[PDB]
Amino acid sequence: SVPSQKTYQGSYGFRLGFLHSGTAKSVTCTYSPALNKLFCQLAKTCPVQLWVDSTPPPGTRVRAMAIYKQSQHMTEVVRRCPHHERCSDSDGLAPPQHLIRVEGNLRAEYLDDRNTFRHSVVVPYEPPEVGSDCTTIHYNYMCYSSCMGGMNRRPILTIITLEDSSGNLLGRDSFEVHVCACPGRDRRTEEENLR
Ligand SMILES: [Zn+2]
């Protein structure tokens, strides 16, 4: 099967948000609204905001999962390449095979679907704290889009789902990701190409 990627705000008005990091050559993570695409460096922090119109129930969770963007690759589980899954860079919680990790959250759970074999990382949804209007999760992508034996230059999508305590769907959003050496340059190049 293939996880759905349909945008769904649901009852709580759930949707993602991204910082405005610009496209300077040195930027490590930058988001393109025009392409709905995040460009980032290997294993660098990717701040992703969670916005809702109303606070969901206690026990609500947020899951991140990568899938190949191209239909001809959709059924293939997105995983780290043969090199990176063996480079011993685990943080003591993320299995080394997982492409997406969550930083600084001891309650992060890493799932290997016994049915689909797909990987995902889920954390408890936390309401925004005093002074903030949104909640931010910091993700890391652990392979380059170009890694041989892994993504092998195939574009991927990250699907973020708001789930209830049983894993049922409350909301969904998604964005394309390109893990590269120079996000700033790549984003400028791709948006130019789009122009
Ligand atoms: Zn890799």
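Numbers for residues simply follow the sequence, beginning at 1. Note that these values count all heavy atoms, side chains included, but never hydrogens, waters or copies made by symmetry.
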Check: Under 4.5 Å between side-chain heavy atoms, hopping through other hydrophobics if needed: is there a path connecting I160 to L169?
Finding: no
Minimal heavy-atom distance between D113 and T116, with the atoms involved, is OD1-N, 2.8 Å
Can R80 and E85 be counted as an ion pair, charged N to O under 4.0 angstrom? no
Interatomic distance, NE2@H138 vs NZ@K44, rounded to 0.5 Å, equals 15.0 Å
Margin query: When you measure from the side chain of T30 to the backbone of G22, do you find a donor-acceptor pair of N or O atoms at a distance under 3.5 Å?
Written below: yes
Under 3.5 Å, side chain of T161 to main-chain N/O of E163, donor-acceptor pair present? no
For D89 and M142, what are the C-alpha separation, side-chain angles and deciding distance, and is it a side chain to side chain contact (heavy atoms under 4.5 Å, CB included)?
CA-CA 9 Å; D89 63 358; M142 309 303 303; 3.5 Å; yes
Closest non-hydrogen atoms of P183 and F39, given as atom of the first, atom of the second and distance, are CB-O, 3.5 Å
**Asked** Do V121 and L99 belong together in a cluster built from hydrophobic side chains that touch within less than 4.5 Å?
**Response** yes
A side-chain contact here means heavy atoms from C-beta on lying under 4.5 Å apart; do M74 and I67 qualify? yes
Next on the checklist: Measuring only between side-chain heavy atoms, which start at C-beta, is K25 closer than 4.5 Å to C182?
Outcome noted: yes
So is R154 actually on top of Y68's ring, under 6.0 Å and inside 45° of the axis? yes
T135 side chain to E126 main-chain N or O, any donor-acceptor pair under 3.5 Å? yes
**Asked** In terms of ring plane angle, is the pair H98 and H119 parallel, tilted or perpendicular, where the classes change at 30° and 60°?
**Response** parallel
Going through the checks in order, is the side chain to side chain contact (heavy atoms under 4.5 Å, CB included) test met by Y8 and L162?
-> CA-CA 10 Å; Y8 171 56; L162 188 65; over 6 Å; no
Is there side-chain contact between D53 and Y12, with heavy atoms separated by less than 4.5 Å?
no
When rounded to the nearest 0.5 Å, the distance separating CG of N140 from CZ of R101 is 7.5 Å
When rounded to the nearest 0.5 Å, the distance separating SG of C46 from CZ of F175 is 7.5 Å
Give a yes or no on whether the backbone of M65 and the side-chain of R118 come within a donor-acceptor separation of less than 3.5 Å.
no
Tightest non-hydrogen contact, residues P47 and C29, listed as CD-SG, 4.1 Å
| query | Side-chain heavy atoms under 4.5 angstrom apart, residues restricted to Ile, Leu, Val, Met, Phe, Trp, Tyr: same cluster for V102 and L42? | reply | yes
- prompt: Do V52 and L170 sit in the same hydrophobic cluster, where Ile, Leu, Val, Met, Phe, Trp and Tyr count as joined when their side-chain heavy atoms come under 4.5 Å apart?
  reply: yes
Nearest heavy-atom contact between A34 and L194 is CB-CD2, 3.9 Å
Residues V177 and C40: closest non-hydrogen pair is CG1-SG, 4.3 Å
Taking the side chain as C-beta and beyond, is there a heavy-atom pair between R187 and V27 under 4.5 Å? no
Residue pair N115 / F117, side-chain heavy-atom distance below 4.5 Å = no
query: Do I156 and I100 belong together in a cluster built from hydrophobic side chains that touch within less than 4.5 Å?
result: yes
Across all chains, not counting sequence neighbours, the side-chain contact (heavy atoms from CB on, under 4.5 Å) partners of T7 are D173
Judged by modelled atom types alone, do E191 and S32 share a side-chain donor-acceptor pair under 3.5 Å? yes
Rounded to the nearest 0.5 Å, the CZ atom of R63 sits from the OG atom of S120 at a distance of 4.0 Å
Query raised in the report: Quick one: do the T158 and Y141 side chains pair a donor with an acceptor below 3.5 Å?
Result: yes
Output for pair (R15 CZ, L50 CG), nearest 0.5 Å, gives 10.5 Å
Correct closest heavy-atom pair for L106 and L93 would be O-CD2, 4.4 Å
Does some side-chain heavy atom of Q70 sit less than 4.5 Å from a side-chain heavy atom of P155?
-> yes
**Report entry** Sub-4.5 Å side-chain heavy-atom contact between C143 and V179
**Finding:** no
Go through it in stages, so that I can follow the logic: the residues are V122 and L111, the test is side chain to side chain contact (heavy atoms under 4.5 Å, CB included), and I'd like the CA-CA distance, side-chain angles, deciding distance and then a yes or no.
CA-CA 8 Å; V122 59; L111 172 69; 5.7 Å; no
Does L35 form a side chain to side chain contact (heavy atoms under 4.5 Å, CB included) with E176? I'd like the steps, not just the answer. CA-CA 8 Å; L35 298 166; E176 184 177 341; over 6 Å; no
Just checking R188: does its CZ atom have more than 12 heavy atoms from other residues, nucleotides or ligands closer to it than 6.0 angstrom?
yes
*Is the number of heavy atoms from other residues, nucleotides or ligands under 6.0 Å of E129 CD greater than 12?*
no
Taken in chain and number order and not counting sequence neighbours, the residues that satisfy salt bridge (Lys or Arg N to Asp or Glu O under 4.0 Å) with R61 are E109
Taken to the nearest 0.5 Å, the spacing of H83 NE2 from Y144 OH works out to 10.0 Å
**Item:** Flag side-chain contact, heavy atom, 4.5 Å: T28 against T45
**Value:** no
- Classify the ring geometry between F18 and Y31 as parallel (under 30°), tilted (30 to 60°) or perpendicular (over 60°). parallel
